[PDB]
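Form deposited in one PDB entry, single chain, as structure tokens, below.
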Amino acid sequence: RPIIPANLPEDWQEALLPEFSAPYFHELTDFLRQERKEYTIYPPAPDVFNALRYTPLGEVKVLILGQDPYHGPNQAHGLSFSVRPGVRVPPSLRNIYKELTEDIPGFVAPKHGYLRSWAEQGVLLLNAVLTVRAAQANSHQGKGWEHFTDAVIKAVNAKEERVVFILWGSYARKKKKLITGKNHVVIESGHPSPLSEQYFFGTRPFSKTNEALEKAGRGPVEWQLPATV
């Protein structure tokens, strides 16, 4: 039987039905059940598909693709790079904020790390791999997620209206060949982790995104976050 996540927007359910029905996805699911039995796996299972829940396929105008979820306790909750109200801003997101402060005039980094207000504007906050074992970055690489996130990329690429794809890191950048739509734009760099920050700083992805959207008659993203959440 297909293993279909609950409460997805209908457009995602229709686009991704073949994935939820596929043998590779059944095998990925079985592996993840074993992993959750034997280890602490992030994010919590109810949150794994939250990026799709918060940004319907029809609303996507920017697709941010990181590597894999944050791998410490109470960090990841399915929107890449985001943390819940109350949670310390992780290093990657501190670096995102540093780059925004330089790239977008007037951006003021808030004390929180909650990025829901970006998802609500059409920014799909994805990672190439959607789960991780505690303390072990990229521990779930190469187990089936990449086929599923290829399918997500492909569904967005099939849209006619311009989407900006921002590929952060080597693993996310493997998706570049799938982005063939004539109206789409790809921005790529190193990941914003402090361990790769020399490959991220100065790449101006936020302004480049807004310029591309504007030239296509799409509205820019409001990158400023609320001061409190």
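Just count from 1 along the sequence shown to find any residue number.
Higher mean CA B-factor, judged across 108 to 116 and 124 to 132 from the recorded values: 108 to 116. Between 45 to 53 and 174 to 182, the higher mean Cα B-factor belongs to 174 to 182.
Going by the entry's values, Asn74 shows the largest Cα B-factor out of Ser92, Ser139, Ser80, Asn74. Among all modelled residues in this chain, the alpha-carbon of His191 has a temperature factor (C-alpha) in the lowest third.
Among the modelled residues of the chain, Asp68 sits in the lowest third by CA temperature factor in this PDB entry. Sort the modelled residues of the chain by CA B factor and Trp168 lands in the lowest third. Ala158: CA B factor lies in the highest third for its chain, per the PDB record.
Omitted from view is the form solved in complex with a partner chain, to which the following refers.
Remark: all three candidate residues (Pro5, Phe25 and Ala45) come within 4.5 Å of its partner chain in the bound PDB entry, counting heavy atoms only. Across the options 172 to 180, 46 to 54, 64 to 72, 192 to 200, residues that bring heavy atoms within 4.5 Å of its partner chain in the bound PDB entry belong to 46 to 54. Contact annotation for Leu32: at least one heavy atom lies within 4.5 Å of its partner chain in the bound PDB entry. At least one heavy atom of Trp145 is located within 4.5 Å of its partner chain in the bound PDB entry.
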